[PDB]
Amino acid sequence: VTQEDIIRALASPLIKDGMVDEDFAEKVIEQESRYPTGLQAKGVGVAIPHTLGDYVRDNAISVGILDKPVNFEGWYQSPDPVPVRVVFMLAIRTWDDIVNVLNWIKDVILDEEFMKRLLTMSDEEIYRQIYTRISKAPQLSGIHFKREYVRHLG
């Protein structure tokens, strides 16, 4: 189960709600190969794939938990890829908004115990935990987050 499989699967429900252009997955794939988004958290790799806001109609996040790690190239330069198990796909129109979501995502990936639960919880439980967190961030109020925006892959 490859990088393209992951991106296509996380883009699918955004495409279905028309949140994004219908070729959004291919645009994220091409942007990931130019500007990689693999990040090293403490015990686990994270990726935050996205593309330009011109391709998004309305703001949303799509979350993926990988049963086994998948290599993503590093956000930061590194000879070795980042083995990722947690993926936040972003569909954000504006620069100002995306910088706020990334700050927020940093806070959750440094939450070691929340990340610990991300690896074990159900789709439903993951939904409720992220939804609560998002709703306590007034700057995140424009971001749409639905139960079908969470899934496991593999």
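Just count from 1 along the sequence shown to find any residue number.
The question of which stretch, 63-71 or 84-92, has the higher mean Cα B factor is settled in favour of 63-71. Comparing 101-109 with 118-126, the stretch with the higher mean C-alpha B-factor in the PDB entry is 118-126.
Taking only the listed residues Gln40, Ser33, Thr37, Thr51, the entry reports the highest CA temperature factor at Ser33. Among all modelled residues in its chain, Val28 ranks in the middle third by Cα B-factor.
In this PDB entry, the Cα temperature factor of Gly18 sits in the top third of its chain's modelled residues, the highest group.
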